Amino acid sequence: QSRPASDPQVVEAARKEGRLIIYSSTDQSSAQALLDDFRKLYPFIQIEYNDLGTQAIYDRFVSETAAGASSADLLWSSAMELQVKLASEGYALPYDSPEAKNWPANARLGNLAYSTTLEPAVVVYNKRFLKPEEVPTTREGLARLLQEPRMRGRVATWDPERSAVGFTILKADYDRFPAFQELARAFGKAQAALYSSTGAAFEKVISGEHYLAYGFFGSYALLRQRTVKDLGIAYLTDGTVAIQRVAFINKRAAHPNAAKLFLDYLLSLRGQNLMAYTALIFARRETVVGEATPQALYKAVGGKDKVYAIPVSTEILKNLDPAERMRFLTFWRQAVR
């Protein structure tokens, strides 16, 4: 492919920095090919990739900043509310990425933070327990399946009280899809187990302890499928929540220029193509080729109209308002117990 269009003076300043600290919720097993390809472009950048939980990224970054400590150069996290909160509160370096000129307004927070992905919340299942034909592709259908005695104890979904991105996804589902309330009651009926990481849910599904998991990232499911033939993916045809993994540069980065190079790389055709084709991370750009693409998602759900892309906007900070959080979690807690 190409090289990202970062200014040659940023490249020279990144070479004097020589180092890049990343705090990321992107599982290293998915991120690795992007780190490897970024090092081929810029081998003089020593990367410290910190694979961390979404809430752990926000708590660590805020304390280290409060203490005047060494923190990250770049934060990359699926917990969209916590990224937007930081980037709208003075923590972000303002930077107009020359790779984001065609980003729509709802995929960027001006010059403070950026969408890097369009990642669907999907259904995964174990083909030894559920044939593809048995797996409903709507919230109503899934709620009916979860009335079956045989499904009791055989469902996984997020714990929105322990995963900040589990909150992002289930809260967006709750806000947009009336059918979600009926589904959440069916989670209660089926005694759903609640997980705070995708791999923990997936291993239960792979072992057959659960037959089906709702709401986890299509990205991770596609990569896991390469080595697990019995892992099925179903896309919701009544409406799919998509998260946009948000990246921003630490205003107090020790290596701002190295962080600019990495952000430009993530947004570039080269980076987005590597996401779609090799990392199997569902890319933001619609001009990418591979399995993990907007066009493959749109085809699976029956069109772009059936995707609800959570915007990279301070409007989503509504979800952290105390009364709003209380309404959703009081509903959730009652439905699922």
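Don't overthink the numbering: it's just position in the shown sequence, from 1.
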Per the record, averaged over C-alpha atoms, which has the higher B-factor: 181 to 189 or 127 to 135? 127 to 135
With B-factors read from the PDB entry, the higher C-alpha mean of 143 to 151 and 92 to 100 is in 143 to 151
Which of these, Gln46, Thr54, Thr293, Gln32, has its C-alpha atom at the highest B-factor, as the entry lists it? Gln46
For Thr117, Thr157, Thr227, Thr240, the deposited C-alpha B-factor is largest at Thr227
Grab the CA temperature factor for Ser25 from the record and place it in the lowest, middle or highest third of its chain. lowest
Which third, lowest, middle or highest, does the C-alpha temperature factor of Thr65 belong to within its own chain? highest
Assert third(CA B-factor, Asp175) within chain per record equals middle
Among the chain's modelled residues, which third holds the C-alpha B-factor of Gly232? middle
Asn106 CA temperature factor, ranked by third within the chain: middle
